[PDB]
Structures are given as structure tokens and as C-alpha cells.
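What follows is a set of notes on a single structure, which appears directly below.
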Amino acid sequence: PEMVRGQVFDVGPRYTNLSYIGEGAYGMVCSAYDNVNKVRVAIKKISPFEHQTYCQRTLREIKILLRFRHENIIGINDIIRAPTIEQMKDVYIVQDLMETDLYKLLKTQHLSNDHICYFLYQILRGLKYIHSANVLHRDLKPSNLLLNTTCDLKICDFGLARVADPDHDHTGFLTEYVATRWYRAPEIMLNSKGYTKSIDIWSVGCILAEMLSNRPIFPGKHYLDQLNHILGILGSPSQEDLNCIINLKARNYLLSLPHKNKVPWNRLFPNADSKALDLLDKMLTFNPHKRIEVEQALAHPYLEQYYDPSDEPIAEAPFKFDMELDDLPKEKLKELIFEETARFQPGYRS
Ligand SMILES: Nc1ncnc2c1c(I)cn2[C@@H]1O[C@H](CO)[C@@H](O)[C@H]1O
Ligand code: NA
């Protein structure tokens with residue numbers, strides 16, 4: 001049955017007591033009462049089938065979340081769709097109900113040094129598990145960090161994730177959407193090198209800076225304006241850092257730039273723990289090759305109160321895409337989706 005203002009939710013009879021929460025990109029988001037687990041849950045109504053790009057993101061998220069198990073990563077409790085592929089044009093993903101997200105909270109609260117500390121630890125702990133699976137989130141930002149308490153953070157939205165391929169660099173600038181602009185590492189914008197774990201560390205860096213001041217550290221209007229913001233704080237890059245600029249066209253808008261001095265961090269963030277600011281510096285390195293890696297970040301003195309390699313799981317097996325799906329007809333992907341969501345349909349054998 002089921003309804004809720006406007007668009008009606010083909011959930012139930014399991015899920016009831018609906019109550020609109022918010023909006024997704026191409027789907028709605030309510031909270032329901034799960035009458036099996038006897039708790040309130042969140043249900044994402046997803047209809048992506050019209051543009052093939054939406055079916056990529058939806059399929060990637062399901063395949064990845066369905067194989068990940070980690071306490072700082074959202075899971076999929078239930079997927080429910082129509083019986084017939086032909087009859088399927090919505091898909092409902094059931095996930096644990098979370099109270100808010102780091103974006104919503106940064107709109108209403110400055111965070112103590114302490115809370116920031118264990119928020120960052122939980123981010124990197126989940127990131128450690130993602131990277132050990134040979135996976136890149138690629139869209140880490142505050143609104144993709146769901147929060148229940150200061151001790152319950154879960155990374156969500158794996159719509160842009162990729163298996164890591166330092167070699168799969170394609171140099172297609174407009175060929176891919178990689179990171180929301182404010183959290184996009186420089187090598188993405190300079191080389192189109194969006195297949196290395198370095199890009200996620202940059203994003204986390206940006207999140208750390210945003211926690212320290214409640215405002216995003218590099219808020220560019222467009223990709224070139226994003227670079228001016230980066231250089232305005234980091235400063236004009238070195239010769240060596242202009243050597244990993246493969247886009248031979250890219251070295252120019254740089255070279256035709258007025259040298260900018262490096263803004264000392266304690267000047268940007270004078271109330272922040274000097275240890276926070278040291279880690280920030282390792283994470284916001286212009287050159288991907290010199291940027292700190294996730295396990296090194298966890299080991300940083302700033303997180304020494306929580307670091308515990310024995311209580312930080314890694315993936316049992318590197319992840320693998322059974323067939324790459326960049327250029328697949330959008331009805332093939334809807335096929336592949338109907339397939340992957342078969343787990344949660346009656347009679348599913350094997
Ligand atoms: N599990 C959840 N619990 C609570 N809210 C959720 C979710 C999920 I998945 C999504 N949302 C809503 O989408 C925003 C993050 O993109 C969130 O801020 C929210 O508007
Ligand atoms: Na999401």
C-alpha cells in the first residue's frame with residue numbers, strides 16, 4: 001500500500017509509519033517502521049532508469065555496499081523491487097536510520113577539538129577498510145558522513161566509487177564526474193588521474209578543515225576557480241609539483257599566475273590543535289605522490305588516543321568488478337540491477 005505526501009512508497013506491509021526525511025538526487029528518502037526488526041529504518045526510493053549515468057551510480061552502490069561489512073560504512077538491510085524486470089522502475093534500498101550527517105550538523109554547531117578528533121578517526125577507520133578492498137570512494141564530503149552520535153559515523157553514497165587502478169588513468173577530463181568540486185584533489189583537475197587512493201585522502205583533508213572552522217576550505221565556483229583557492233592557501237606550486245601536471249595545457253593557467261606565499265595553517269585555523277594542523281598538512285599536499293596514506297594518517301600523533309590496528313578491520317578480499325560498466329546500454333545496467341537485487345526476492349536460489 002503506502003503513500004506519504006505526493007510520491008507514494010511501495011514499501012509495506014513490512015515497512016510502515018512513513019515520514020518524509022529528505023531528498024536524494026533521483027529518489028526520495030523516508031523513515032519507516034520496520035515491523036520485523038521492530039525499529040525505525042531509512043528507505044531510499046530510487047528511480048534511475050531514465051539516464052544511463054544514474055543506473056551506473058545505483059548499480060555501483062549496490063554491488064559495493066552489498067559486499068562491505070564495517071561499522072563506519074552504511075550497509076543495505078533490504079532491497080525490494082517489482083517481481084518482473086519489465087514491472088521494475090523503482091527500487092527501494094533499506095538502510096539503518098541515522099540521525100543526521102556531518103553537513104547538517106556543521107550548519108548548527110562548532111565542534112570541540114575532541115569530537116573532531118574521533119570523527120576524523122572514524123572517517124579514516126572506514127577509509128582504511130575501503131582502500132584495503134582496493135576501492136576508492138571518490139565523493140567523500142560532509143553530507144556523505146551520516147551521524148547518530150559523536151561515536152557513530154558511517155560513510156555512505158558509493159555512487160562514484162571505482163576499483164583502484166593507478167594504471168587505468170584515462171585522461172578524459174569531461175569523461176567522468178569525480179568528487180564534488182570543493183573536495184576534489186588537484187591531480188583530478190590537472191591530470192584526470194581519478195584512480196588512485198590519494199584522491200580520497202585529499203577529500204578527508206578538506207573535511208578536516210571544514211570541521212575546524214565550519215566553512216569549506218576551498219569553495220570555488222568552477223574548476224579553475226577551485227585551483228585559485230587551493231593555491232591561495234597552499235601557495236604557488238614547486239617546479240617538481242608542476243612535473244606531475246600531464247595536461248601539458250594545464251601548466252599555464254598556473255605559470256600565468258602571480259606567485260602566492262603559503263598561508264601558515266595556524267593563521268588560517270588559530271584555535272586548532274597543532275597536531276590536527278600537522279595532519280591536515282599531510283592530507284592537503286598538492287602533489288598526490290607526497291600525500292599521506294590512510295594507515296599513516298591513523299598512526300599520526302593526532303589520533304594516538306584511538307589508533308588500534310587490532311581493532312581496525314580490512315577487507316577479506318580485494319574488490320573486483322565482474323565487468324566494467326562505463327559504456328553499457330542503460331537497459332543492460334537495469335538488467336544487471338534486477339539481477340543484483342535478486343538476493344532479496346522470494347525463491348532466490350543459490
Ligand atoms: N540512513 C539515513 N538516515 C538519515 N538520513 C539519510 C539517510 C540516508 I542513506 C540519506 N539520508 C538523507 O540524505 C542525506 C545525505 O545525502 C541525509 O542528510 C538525509 O537528508
Ligand atoms: Na547518500
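In the C-alpha cells, the first chain shown is A, the next is B, and so on; residue numbers restart at 1 for each chain, and ligands run from 1 in the order shown.
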Per residue of chain A within 10 Å of ligand 1, note the shortest atom pair and the distance in Å to one decimal, counting only C-alpha atoms and all ligand atoms, and order the rows by chain and increasing residue number, as a Markdown table.
```
| residue | atom | partner | partner_atom_place_in_ligand_line | distance |
| --- | --- | --- | --- | --- |
| A:20 | CA | ligand 1 | 20 (O) | 9.6 |
| A:21 | CA | ligand 1 | 20 (O) | 6.0 |
| A:22 | CA | ligand 1 | 20 (O) | 4.5 |
| A:23 | CA | ligand 1 | 20 (O) | 6.1 |
| A:24 | CA | ligand 1 | 13 (O) | 6.0 |
| A:25 | CA | ligand 1 | 16 (O) | 8.6 |
| A:28 | CA | ligand 1 | 12 (C) | 8.8 |
| A:29 | CA | ligand 1 | 12 (C) | 6.3 |
| A:30 | CA | ligand 1 | 5 (N) | 8.1 |
| A:31 | CA | ligand 1 | 4 (C) | 7.8 |
| A:41 | CA | ligand 1 | 1 (N) | 7.4 |
| A:42 | CA | ligand 1 | 1 (N) | 5.1 |
| A:43 | CA | ligand 1 | 9 (I) | 7.5 |
| A:44 | CA | ligand 1 | 9 (I) | 6.5 |
| A:74 | CA | ligand 1 | 9 (I) | 7.4 |
| A:75 | CA | ligand 1 | 9 (I) | 9.0 |
| A:76 | CA | ligand 1 | 9 (I) | 9.1 |
| A:93 | CA | ligand 1 | 9 (I) | 8.2 |
| A:94 | CA | ligand 1 | 9 (I) | 8.2 |
| A:95 | CA | ligand 1 | 1 (N) | 5.5 |
| A:96 | CA | ligand 1 | 1 (N) | 5.2 |
| A:97 | CA | ligand 1 | 3 (N) | 4.3 |
| A:98 | CA | ligand 1 | 3 (N) | 3.7 |
| A:99 | CA | ligand 1 | 4 (C) | 5.4 |
| A:100 | CA | ligand 1 | 18 (O) | 5.6 |
| A:101 | CA | ligand 1 | 18 (O) | 5.1 |
| A:102 | CA | ligand 1 | 18 (O) | 8.2 |
| A:103 | CA | ligand 1 | 18 (O) | 7.4 |
| A:104 | CA | ligand 1 | 18 (O) | 6.5 |
| A:105 | CA | ligand 1 | 18 (O) | 9.4 |
| A:141 | CA | ligand 1 | 16 (O) | 9.6 |
| A:142 | CA | ligand 1 | 15 (C) | 8.6 |
| A:143 | CA | ligand 1 | 15 (C) | 4.9 |
| A:144 | CA | ligand 1 | 16 (O) | 5.4 |
| A:145 | CA | ligand 1 | 15 (C) | 7.4 |
| A:146 | CA | ligand 1 | 2 (C) | 6.7 |
| A:147 | CA | ligand 1 | 3 (N) | 8.1 |
| A:148 | CA | ligand 1 | 3 (N) | 8.6 |
| A:154 | CA | ligand 1 | 1 (N) | 8.9 |
| A:155 | CA | ligand 1 | 9 (I) | 9.5 |
| A:156 | CA | ligand 1 | 9 (I) | 6.4 |
| A:157 | CA | ligand 1 | 16 (O) | 7.1 |
```
Take the residues from that selection and put them in a file with C-alpha atoms, as a tab-separated table (two decimals), in the first residue's frame.
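result-v1.tsv was written with the following content:
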```tsv
chain	number	residue	atom	x	y	z
A	20	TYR	CA	9.38	12.04	4.72
A	21	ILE	CA	13.02	12.72	5.65
A	22	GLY	CA	14.54	14.46	2.66
A	23	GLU	CA	15.52	14.19	-0.99
A	24	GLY	CA	18.08	12.29	-3.00
A	25	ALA	CA	19.41	13.04	-6.45
A	28	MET	CA	13.04	10.25	-2.28
A	29	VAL	CA	14.01	9.39	1.31
A	30	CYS	CA	11.61	8.48	4.13
A	31	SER	CA	11.86	6.84	7.50
A	41	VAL	CA	14.81	2.47	9.42
A	42	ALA	CA	15.55	4.66	6.43
A	43	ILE	CA	14.26	3.75	2.95
A	44	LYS	CA	15.70	5.35	-0.20
A	74	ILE	CA	26.40	2.15	5.80
A	75	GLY	CA	25.01	-1.27	4.86
A	76	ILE	CA	21.97	-2.44	2.89
A	93	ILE	CA	17.09	0.41	-0.52
A	94	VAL	CA	16.52	-0.12	3.21
A	95	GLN	CA	19.33	1.11	5.46
A	96	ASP	CA	19.82	1.90	9.13
A	97	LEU	CA	18.16	5.14	10.17
A	98	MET	CA	20.79	7.72	11.07
A	99	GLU	CA	20.02	10.93	12.94
A	100	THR	CA	21.85	13.45	10.74
A	101	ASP	CA	25.03	13.96	8.70
A	102	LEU	CA	28.20	15.96	9.16
A	103	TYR	CA	26.92	18.59	6.73
A	104	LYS	CA	23.64	19.18	8.56
A	105	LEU	CA	25.50	19.30	11.91
A	141	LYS	CA	32.18	15.10	1.75
A	142	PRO	CA	30.30	16.09	4.93
A	143	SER	CA	26.80	15.22	3.64
A	144	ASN	CA	28.06	11.69	2.85
A	145	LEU	CA	29.05	11.23	6.53
A	146	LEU	CA	25.96	10.06	8.38
A	147	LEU	CA	25.87	10.61	12.17
A	148	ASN	CA	23.94	9.13	15.07
A	154	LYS	CA	29.03	5.86	8.71
A	155	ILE	CA	30.34	6.67	5.24
A	156	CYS	CA	27.55	6.48	2.65
A	157	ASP	CA	26.89	7.18	-1.08
```
Spatial neighbours of residue 71 (chain A), 12 Å, only C-alpha atoms, chain gap at least 4 places, as a PyMOL selection string: chain A and resi 75+96+122-123+125-130+146+151-156+311-314
Contact table region 161-249 of chain A vs region 274-284 of chain A, cut-off 6 Å, shortest pair per residue, only C-alpha atoms, as a tab-separated table:
```
residue	atom	partner	partner_atom	distance
A:201	CA	A:283	CA	5.8
A:202	CA	A:283	CA	5.5
A:205	CA	A:283	CA	5.0
```
Which residue of A:33, A:158, A:118, A:49 approaches ligand 2 most closely, using only C-alpha atoms and all ligand atoms: A:158
Spatial neighbours of residue 331 (chain A), 10 Å, only C-alpha atoms, chain gap at least 6 places, as a VMD selection string: chain A and resid 49 to 52 55 337
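Across A:58, A:238, A:47, A:84, the tightest approach to ligand 2 is made by A:58 when counting only C-alpha atoms and all ligand atoms.
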Neighbour list for residue 305 (chain A) as number ranges by chain, cut-off 12 Å, only C-alpha atoms, skip fewer than 4 positions in-chain: A: 114, 117-118, 121, 298-301
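From CA of residue 347 (chain A) back to CA of residue 12 (chain A), the distance works out to 19.1 Å.
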Strand (DSSP E) call set, DSSP backbone run, region 4-92 of chain A, as a count of residues only: 29
Show me, as a tab-separated table, the residues of region 129-223 of chain A having an atom within 12 Å of region 239-255 of chain A, each with the closest atom pair and its distance in Å, using only C-alpha atoms.
```
residue	atom	partner	partner_atom	distance
A:169	CA	A:246	CA	11.2
A:170	CA	A:246	CA	11.6
A:171	CA	A:247	CA	8.2
A:172	CA	A:247	CA	10.5
A:173	CA	A:247	CA	9.6
A:186	CA	A:245	CA	9.5
A:187	CA	A:245	CA	7.6
A:188	CA	A:245	CA	10.2
A:189	CA	A:250	CA	9.0
A:190	CA	A:245	CA	6.0
A:191	CA	A:247	CA	5.5
A:192	CA	A:247	CA	8.4
A:193	CA	A:246	CA	9.5
A:223	CA	A:253	CA	11.8
```
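Between residue 196 (chain A) and the residues A:136, A:111, A:65, A:174, the shortest atom-to-atom distance, using only C-alpha atoms, involves A:136.
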Backbone-only DSSP, alpha helix (DSSP H) members of region 202-334 of chain A, as a ChimeraX atom specification: /A:202-213,223-234,250-253,265-268,274-283,294-298,330-334
Would you write out those residues with C-alpha atoms, as a PDB file, in the first residue's frame?
```pdb
ATOM      1  CA  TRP A 202      42.587  14.972  -0.141  1.00  0.00           C
ATOM      2  CA  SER A 203      38.816  14.844   0.382  1.00  0.00           C
ATOM      3  CA  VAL A 204      39.260  13.871   4.044  1.00  0.00           C
ATOM      4  CA  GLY A 205      41.700  16.757   4.370  1.00  0.00           C
ATOM      5  CA  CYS A 206      39.001  19.140   3.150  1.00  0.00           C
ATOM      6  CA  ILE A 207      36.550  17.609   5.642  1.00  0.00           C
ATOM      7  CA  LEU A 208      39.039  18.045   8.488  1.00  0.00           C
ATOM      8  CA  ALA A 209      39.450  21.711   7.558  1.00  0.00           C
ATOM      9  CA  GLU A 210      35.693  22.203   7.430  1.00  0.00           C
ATOM     10  CA  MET A 211      35.286  20.716  10.935  1.00  0.00           C
ATOM     11  CA  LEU A 212      37.913  23.142  12.237  1.00  0.00           C
ATOM     12  CA  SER A 213      36.073  26.226  11.038  1.00  0.00           C
ATOM     13  CA  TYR A 223      37.217  24.078 -11.596  1.00  0.00           C
ATOM     14  CA  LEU A 224      39.708  26.818 -12.366  1.00  0.00           C
ATOM     15  CA  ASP A 225      38.394  28.952  -9.511  1.00  0.00           C
ATOM     16  CA  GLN A 226      38.864  25.863  -7.345  1.00  0.00           C
ATOM     17  CA  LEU A 227      42.551  25.918  -8.203  1.00  0.00           C
ATOM     18  CA  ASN A 228      42.979  29.583  -7.332  1.00  0.00           C
ATOM     19  CA  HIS A 229      41.511  28.813  -3.900  1.00  0.00           C
ATOM     20  CA  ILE A 230      43.890  25.892  -3.403  1.00  0.00           C
ATOM     21  CA  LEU A 231      46.976  27.873  -4.432  1.00  0.00           C
ATOM     22  CA  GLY A 232      45.851  30.896  -2.403  1.00  0.00           C
ATOM     23  CA  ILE A 233      46.389  28.800   0.749  1.00  0.00           C
ATOM     24  CA  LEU A 234      48.984  26.193  -0.254  1.00  0.00           C
ATOM     25  CA  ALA A 250      47.430  22.735 -17.550  1.00  0.00           C
ATOM     26  CA  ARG A 251      50.866  24.152 -16.831  1.00  0.00           C
ATOM     27  CA  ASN A 252      49.969  27.662 -17.994  1.00  0.00           C
ATOM     28  CA  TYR A 253      46.960  28.954 -16.124  1.00  0.00           C
ATOM     29  CA  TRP A 265      47.909  26.832   8.877  1.00  0.00           C
ATOM     30  CA  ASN A 266      47.891  28.273  12.383  1.00  0.00           C
ATOM     31  CA  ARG A 267      46.992  31.544  10.655  1.00  0.00           C
ATOM     32  CA  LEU A 268      44.003  30.012   8.875  1.00  0.00           C
ATOM     33  CA  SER A 274      48.758  21.882  16.376  1.00  0.00           C
ATOM     34  CA  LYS A 275      48.569  18.121  15.826  1.00  0.00           C
ATOM     35  CA  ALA A 276      45.341  18.410  13.870  1.00  0.00           C
ATOM     36  CA  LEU A 277      47.048  21.051  11.757  1.00  0.00           C
ATOM     37  CA  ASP A 278      50.080  18.832  11.150  1.00  0.00           C
ATOM     38  CA  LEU A 279      47.873  16.021   9.828  1.00  0.00           C
ATOM     39  CA  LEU A 280      45.851  18.486   7.739  1.00  0.00           C
ATOM     40  CA  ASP A 281      49.147  19.489   6.140  1.00  0.00           C
ATOM     41  CA  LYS A 282      49.923  15.887   5.240  1.00  0.00           C
ATOM     42  CA  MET A 283      46.461  15.416   3.773  1.00  0.00           C
ATOM     43  CA  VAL A 294      45.274   6.218   5.219  1.00  0.00           C
ATOM     44  CA  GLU A 295      47.220   3.914   7.528  1.00  0.00           C
ATOM     45  CA  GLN A 296      49.849   6.626   8.023  1.00  0.00           C
ATOM     46  CA  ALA A 297      47.057   9.064   8.850  1.00  0.00           C
ATOM     47  CA  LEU A 298      45.651   6.730  11.515  1.00  0.00           C
ATOM     48  CA  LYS A 330      21.225   1.664 -19.733  1.00  0.00           C
ATOM     49  CA  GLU A 331      18.862  -1.305 -20.143  1.00  0.00           C
ATOM     50  CA  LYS A 332      21.766  -3.716 -19.699  1.00  0.00           C
ATOM     51  CA  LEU A 333      22.552  -1.937 -16.416  1.00  0.00           C
ATOM     52  CA  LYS A 334      18.887  -2.192 -15.440  1.00  0.00           C
TER      53      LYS A 334
END
```
Atomic distance CA of residue 340 (chain A) - CA of residue 14 (chain A), expressed in Å with one decimal: 21.1 Å
